[PDB]
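Visitor: Pasting the sequence and an experimental structure:
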Amino acid sequence: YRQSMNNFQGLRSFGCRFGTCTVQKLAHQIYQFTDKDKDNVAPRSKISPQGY
């Protein structure tokens, strides 16, 4: 089993200008807690961990 990794304003939420830890990889969640916009894609449609 696994759980959250962390939580804060934004201290360790960045390190590389581009790659696997940039505004692009971070914004992935920016629209996950609000989901204001959509582009024919969802976290459930892609993967299906079934709450693991």
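Guide: Looks like it came in fine. Residues are numbered from 1 along each chain as shown.

Visitor: hey, let's count contacts and neighbours off CA atoms from now on
Guide: OK.

Visitor: So what's the residue count around residue 22?
Guide: As a burial measure, residue 22 scores 15 neighbours (other CA atoms under 10 Å).

Visitor: Just give the nearest non-adjacent residue to it, would you?
Guide: residue 16 (5.9 Å; CA to CA, 6 or more residues apart in numbering).

Visitor: what about that neighbour, distance to residue 10?
Guide: Distance of residue 16 to residue 10, given as CA to CA, to the nearest Å: 14 Å.

Visitor: Quick check: the gap between residue 17 and residue 9.
Guide: According to CA to CA, residue 17 and residue 9 sit 19 Å apart.

Visitor: the more surrounded of these two?
Guide: More neighbours surround residue 17 than the other of residue 17 and residue 9, with 10 against 6 (other CA under 10 Å).

Visitor: if we look at stretch 14-33, which residues are touching it?
Guide: Contacts of stretch 14-33 with the rest of the structure, by CA atoms under 8 Å, 6 or more residues apart in numbering, involve 13, 37.

Visitor: Any idea how far that stretch is from the middle of the chain?
Guide: How far stretch 14-33 lies from its chain's middle: 7 Å, per CA atoms, centre = their mean, to the nearest Å.
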